[PDB]
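Single-letter residue listing:
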Amino acid sequence: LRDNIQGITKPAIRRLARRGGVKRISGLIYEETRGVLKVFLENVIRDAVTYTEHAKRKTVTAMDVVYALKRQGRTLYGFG
Amino acid sequence: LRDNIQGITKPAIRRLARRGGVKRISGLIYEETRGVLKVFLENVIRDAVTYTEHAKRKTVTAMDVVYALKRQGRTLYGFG
Amino acid sequence: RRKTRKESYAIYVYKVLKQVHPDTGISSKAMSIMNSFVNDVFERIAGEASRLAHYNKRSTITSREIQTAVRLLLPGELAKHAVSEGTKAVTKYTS
Amino acid sequence: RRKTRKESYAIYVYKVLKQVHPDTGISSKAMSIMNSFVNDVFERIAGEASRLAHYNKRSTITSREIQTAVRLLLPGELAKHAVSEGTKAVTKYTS
Amino acid sequence: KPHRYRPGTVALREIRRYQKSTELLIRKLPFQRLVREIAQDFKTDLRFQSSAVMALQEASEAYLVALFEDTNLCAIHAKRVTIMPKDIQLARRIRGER
Amino acid sequence: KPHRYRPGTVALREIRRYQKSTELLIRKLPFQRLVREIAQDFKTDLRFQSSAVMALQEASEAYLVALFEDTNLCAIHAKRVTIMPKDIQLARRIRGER
Amino acid sequence: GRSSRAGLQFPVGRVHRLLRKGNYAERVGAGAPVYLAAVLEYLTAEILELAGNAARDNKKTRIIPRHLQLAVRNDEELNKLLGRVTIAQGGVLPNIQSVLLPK
Amino acid sequence: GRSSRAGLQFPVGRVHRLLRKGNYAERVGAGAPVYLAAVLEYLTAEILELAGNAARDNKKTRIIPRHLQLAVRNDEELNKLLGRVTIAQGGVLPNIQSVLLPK
DNA sequence: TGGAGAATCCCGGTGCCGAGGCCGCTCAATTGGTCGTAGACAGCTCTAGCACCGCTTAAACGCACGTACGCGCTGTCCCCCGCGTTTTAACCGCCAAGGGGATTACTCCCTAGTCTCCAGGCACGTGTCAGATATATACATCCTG
DNA sequence: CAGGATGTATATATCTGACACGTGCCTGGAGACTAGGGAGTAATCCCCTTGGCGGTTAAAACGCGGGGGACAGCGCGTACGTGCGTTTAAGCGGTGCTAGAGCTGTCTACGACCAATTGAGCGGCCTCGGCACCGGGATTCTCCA
């Protein structure tokens, strides 16, 4: 795959800002938000793939993601 | 003892702000800073006293303070 | 055949729910969230009692370590009512 | 008489310092900070390796768990050079 | 004259809509493609469970919503109602992520 | 007219002086009295080591300095150079303490 | 059983097994799984009571994750316990700042 | 000894004893303390070399806590490792914002 | 201030799939002894913490003066919002392989446990030199003319 | 731009206490041996992930008018910085007293462990009703004359 960071669209970032309570949104917010989300997902997916390849699996399970989040102080309830 | 929070004087708060890189300080900063320091010290001394009276001691050692800071994510190196 | 004997906390959380709100039920996603919550605060109280046993050169987790871990981890009047509940349960268990 | 037999890390940190900087010494407060640093990094890597062994339902901490804990905990190229140093030491040790 | 809402009413309307909903606000397939593109730089030919990408999407949207909730406070602190990239950078460096 | 420095130069001089030093910037006995007064509310007739109060003072001054850095960033964000209680309250709400 | 000897709904024996097999200490006392099961039952009863109240306020007889999120983010003690926790499909609290409202 | 069989300066046997008596798992492999002592010795050597360079730039021959603090905060990876860590008698990094400097 | 219009809320009606209860079974919890070490408790010693006191002096406090910065106001313009129209790709339902997760069986090697010994590391002394401080001197910078 | 004043970096003496090293000793680490069970590996099954396809349709993209908000300039006053003189506790050293921390020894209750048993809890399945959705009216909020 190549360049699916533009798959995080402008109305999706606007919906996340509306849930965040934001009334007015500058036009440069979208590339900043895409970079922030890419950095967060790189850190979590890196830890989840480390947890996965320790278990000698090829499948990233939901428990690997929950543990990868748990070791960033971002505990996630609902997936075991 | 009563009302020792005024022992954290205005020049001491100004020195801590100078170390923090602050050039100009409002006059209402000192009561807000004294309240913030009292809240921090209450949470740390409460945890250190809990660690102390678990050990059936009467003296709060530096190790109890180091553990009480370590369990809040403000790990302190230098005292064991 | 059958897969595997996944232990969880779902039936105890359901008994607790049925004794607090006798006509309110729960969803499967909410039951998974409550199971994750019980495992989370179990691992917090146990990992604080383990540290309290390690700091005092002890090798036993007792109800005094669990009580100190509850007073360290729970905020405010949670650590007052949970300590009272646990002390009451240990007292009536030893009888 | 003597009081008690404290297992610090000070002589090993001093050997490491004498091998990276043969003319530089170290103060007692800085030696206490380096001892606290080594204990902290030790109990973080050991806690993460314990947690990895508990996740995969294993009973043994091996060098594979310690290597995965180092890759999880250390940032960037710290985790690239520390895995190389540990693998080199384990390869030397089993010879 | 055709009816036309003033700028800010519909924004508040969708604040009240999306702060009442529980759904996922990003489309599922673009986020899944983004996850697999990011994971291609760590190990080739990876598979994901259906709940792993859902867990990543729940965590990512909670992260971004809780960062916009702080960005909005940084915008209101500067006596604005628009959020700006300097507000995001301020929130991220006050939280301790830069 | 005698010599007189302009407002802001000696402030920068103190910034360079105290960002170069390592001393404790609170006095020892008022801080120790404050610690014993706070500890009176949790247990009566307590007792402190000499090193425990120094570890509390080190941690407290590091906490307040690392809060004043964030407060300075919040003040600079609003295009000011004075820090205000609204900057402290914003910095603590973004860090996640209230 | 030990769950009914202590007057509890949570499994004292299973908590005892998880403590003995969780690598927590070299030995585990007798009253420690009883205390920990009682604390877990109290902490479950609080979040379930607040979630059932928040479910009844939305005229529903079943707890969804939204009611759990509302229960924990309104309650101050549970919000300090669960500050760094994301509840999946929980949403956020309805909260608009005062400067964003019409004048 | 095992410290010299592996080529290390850190005690493989003491790390083995702390892993056995530290309540981490039910068994401890033989290459785990070798690996952990090597990682600890590397991570000690890195912070000590940066602290010795910071001491030499201050024209001192002894490391004080100021040089350790400068070493750990002037480096991106050690600051990411030690972000939530206070070093006692360490001070801060010299940093003035550009808005506070005069025209 | 009030009427038009758009939006949201409520109120009944239908379908559906997920919660809730039952059933069979198996494996983990319980019970009963037996043992052996952890820890509770008594006792004793010695460290270190608390309290007081005198003296020096550095920091805190209070006040005066002035400046420069916070804040409010005004103007401008441009950028973001609301909305309509066209397009695109998400989504849902369906289908088909097949990769790999998950479980079982079995063998064997690696680690716990025990015992014996000895040397590595720790506490305690001890000398000496790196830094702290005092003091004079030289360069850098700030400020007002 | 120029010079005076102020502060800070720099070089030299000198003095002290802390650090680097030496010494005895003891206890914890290493070596050797044995037993057993965890895990590595092979083999099989079947779940569930990936890929593809086609119709729906809702969301996304794009363009456009306009208004309101961001930002920059300007002015005013007040509050905070700087500095000076007076005051007040902090800091340091010196001493004394005793509470309690820390260590040792003894004993016993308590938890680990092992074997037998059974019922509590878990997977599967089955049913029905809470809720998601749909259509229609009712209230509520906003906006422009």
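Refer to the structure presented above.
Residues numbered from 1 in each chain as written, not as in the entry; some residues may be left out. Chains lettered and ligands numbered in written order. Heavy atoms only, no water.

### What to know about the packing of helix α2 (residues 28–55) of chain D against helix α3 (residues 32–57) of chain H
Move 1: Closest axis-to-axis distance for the α2(D)/α3(H) pair is 10 Å, and the angle between their directions is 140°. For the element pair α2(D) / α3(H), the angle class is oblique. Pair α2(D) / α3(H) crosses with right-handed handedness. Along the contact surface, α2(D) presents D:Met34, D:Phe37, D:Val38, D:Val41, D:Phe42 and D:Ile45, while α3(H) presents H:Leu36, H:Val39, H:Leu40, H:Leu43, H:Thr44, H:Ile47 and H:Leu48. (Axes fitted to C-alpha atoms, helices over the stretch in contact; angles between N-to-C directions. Helix = DSSP H or I, 4+ residues; strand = E, 2+ residues; numbered from the N terminus. Parallel < 35°, antiparallel > 145°, perpendicular 65-115°, else oblique. Left-handed = near helix turned anticlockwise from the far one by under 90°. Contact = heavy atoms within 4.5 Å.)

### Here's the deal with the interface of chain A and chain E
Move 1: Residue-level contacts link 48 residues of chain A with 57 residues of chain E.
Move 2: Roughly 5,000 Å² is buried in total at the junction of chain A and chain E, and carbon and sulfur atoms are behind 71% of that figure.
Move 3: Connecting chain A to chain E are one salt bridge.
Move 4: One salt bridge in this structure joins A:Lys38 and E:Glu37, with 3.9 Å as the shortest N-O distance.
Move 5: Put simply, chain A and chain E have 15 residue pairs in polar contact between them.
Move 6: Breaking the side of chain A that touches chain E down by element, the ones donating at least two residues are α1 (10–19), β1 (24–25), α2 (29–54), β2 (59–60) and α3 (62–70) of chain A.
Move 7: No other element matches α2(A), which puts 15 residues into the side of chain A that touches chain E.
Move 8: Its residues assigned to classes, the side of chain A that touches chain E shows 25 nonpolar, eight polar and 15 charged.
Move 9: Where β2(A) lies against strand β1 (residues 47–48) of chain E, two bridges are found, and the strand directions are parallel. By the bridge assignment, A:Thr59 is partnered in β1(E) with E:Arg47. (Buried area = accessible area lost by both parts, 1.4 Å probe. Salt bridge = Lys/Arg side-chain N within 4 Å of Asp/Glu carboxyl O. Polar contact = N/O pair within 3.5 Å; in protein donor to acceptor, adjacent residues only side chain to side chain. Nonpolar A, V, L, I, M, F, W, Y, C, P; charged D, E, K, R; others polar. Pairing = 2+ DSSP bridges.)

### Here's the deal with empty space enclosed by the protein
Rolling a probe over the atoms, with the probe sized like a water molecule, indicates the empty space that remains.
Move 1: Inspection of the entire model under this criterion finds one cavity of 30 Å³ or more.
Move 2: Considering the residues around the largest cavity, the lining is formed by A:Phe40, A:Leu69, A:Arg74, A:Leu76, E:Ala59 and G:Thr86. (1 Å grid on protein atoms, 1.4 Å probe; cavity = no way out; pocket = protein on both sides within 12 Å on 5 of 7 lines; lining within 4 Å. Points joined across faces, edges and corners; volume = space filled by probe spheres on them.)

### Points about the packing of aromatic side chains
Move 1: According to the stated counting rule, one finds 18 aromatic pairs over all chains in the structure shown.
Move 2: For the pair D:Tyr9 and H:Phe10, a centre-to-centre distance of 5.9 Å together with 15° between the ring planes defines the contact as stacked. Remark: H:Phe10 occurs in the loop between α1 (2–5) and α2 (12–20) and D:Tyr9 occurs in the segment before α1 (10–20); the pair is interchain, linking two chains. In terms of burial, D:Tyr9 and H:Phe10 fall into one category: buried.
Move 3: Each ring, one from D:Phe42 and one from H:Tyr24, has its centre 6.4 Å from the other, and the planes form 85°; the classification is edge-to-face. Of the two residues, D:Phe42 sits in helix α2 while H:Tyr24 sits in the loop between α2 and β1 (27–28), which places them in two different chains.
Move 4: With a relative accessible area of 12%, H:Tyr24 lands in the buried category.
Move 5: Linked through ring pairs, A:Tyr51, A:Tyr67 and D:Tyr55 together constitute an aromatic cluster.
Move 6: One cation-aromatic arrangement involves E:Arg13 over E:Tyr5; the distance from NZ or CZ to the ring centre is 4.7 Å. (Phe/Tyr/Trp six-rings, centres within 6.5 Å; stacked < 30°, edge-to-face > 60°. Buried < 20%, exposed > 50% of the residue type's maximum accessible area, 1.4 Å probe, protein only. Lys NZ or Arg CZ within 6 Å of the ring centre and 35° of its normal.)

### Let's talk about the packing of helix α2 (residues 28–55) of chain C against helix α3 (residues 63–73) of chain C
Relative orientation and spacing of two packed helices are given, respectively, by the angle between their axes and the distance between those axes.
Residues and elements named next belong to chain C.
Move 1: Look at α2 against α3: their axes get within 8 Å of each other, and the N-to-C directions meet at 120°. Once α2 is placed against α3, the crossing between them reads as right-handed. Contacts from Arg44, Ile45, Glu48, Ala49, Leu52 and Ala53 in α2 reach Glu65, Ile66, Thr68, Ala69, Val70, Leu72 and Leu73 in α3.
Move 2: When grouped by side-chain class, the residues that make up the contact of α2 with α3 number nine nonpolar, one polar and three charged.

### Remarks on helix α3 (residues 31–57) of chain G
All names here are of chain G.
Move 1: With 27 residues, α3 extends 39 Å between its outermost C-alpha atoms, agreeing within 8% with the 39 Å of an ideal straight helix rising 1.5 Å per residue.
Move 2: Along α3, 21 of the 27 residues are buried, which leaves the element largely enclosed by surrounding structure.
Move 3: Following α3 by one or two positions, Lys59 has its phi on the positive side, about 60°. (Expected span 1.5 Å × (residues − 1).)

### A few points about the pattern of salt bridges
Residue and element names in this part refer to chain A.
Move 1: Under the defined criterion, the tally for this structure stands at 30 salt bridges over all chains.
Move 2: In this structure, the salt-bridge partner of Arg71 is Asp47, at a minimum N-O distance of 2.6 Å. Remark: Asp47 occurs in helix α2 and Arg71 occurs in the loop between α3 and β3 (75–77); sequence separation between them is 24 residues.
Move 3: Judged by relative accessible area, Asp47 falls into the buried class, the value being 8%.

### What about the protein's contact with DNA strand I?
Move 1: Every one of the 79 residues lining DNA strand I counts as a neighbour, but A:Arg14, E:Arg33, F:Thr82, H:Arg14 and H:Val28 are closest to it.
Move 2: Sugar and phosphate atoms represent 95% of those atoms of DNA strand I found within 4 Å of the protein.
Move 3: Contacts to DNA strand I include E:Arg33, whose side-chain N or O atom sits 2.6 Å from a phosphate oxygen.
Move 4: One of the side-chain N or O atoms of G:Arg5 is found 2.9 Å from a phosphate oxygen in DNA strand I.
Move 5: A total of five residues in the surface near DNA strand I trace back to one element, the largest contributor, which is helix α1 (residues 9–18) of chain E.
Move 6: When its residues are assigned to classes, the surface near DNA strand I shows 19 nonpolar, 21 polar and 39 charged. (Near = heavy atom within 4 Å.)

### Let's talk about the arrangement of the chains
Move 1: Contact between chain A and chain F is absent, and the least distance between their C-alpha atoms amounts to 13 Å.
Move 2: Over all C-alpha pairs, chain E and chain H never come within contact, reaching a minimum spacing of 8 Å.

### A short note on the environment of H:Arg56
All names here are of chain H.
Move 1: Position of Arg56 among the secondary structure elements: in helix α3.
Move 2: Judged by its relative accessible area of 55%, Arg56 falls in the exposed class.
Move 3: Considered as a pair, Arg56 and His67 are 11 residues apart in the sequence and their alpha carbons are 9.3 Å apart.
Move 4: Here the side chain of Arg56 touches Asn53 through a polar contact of 3.3 Å, side chain to side chain.

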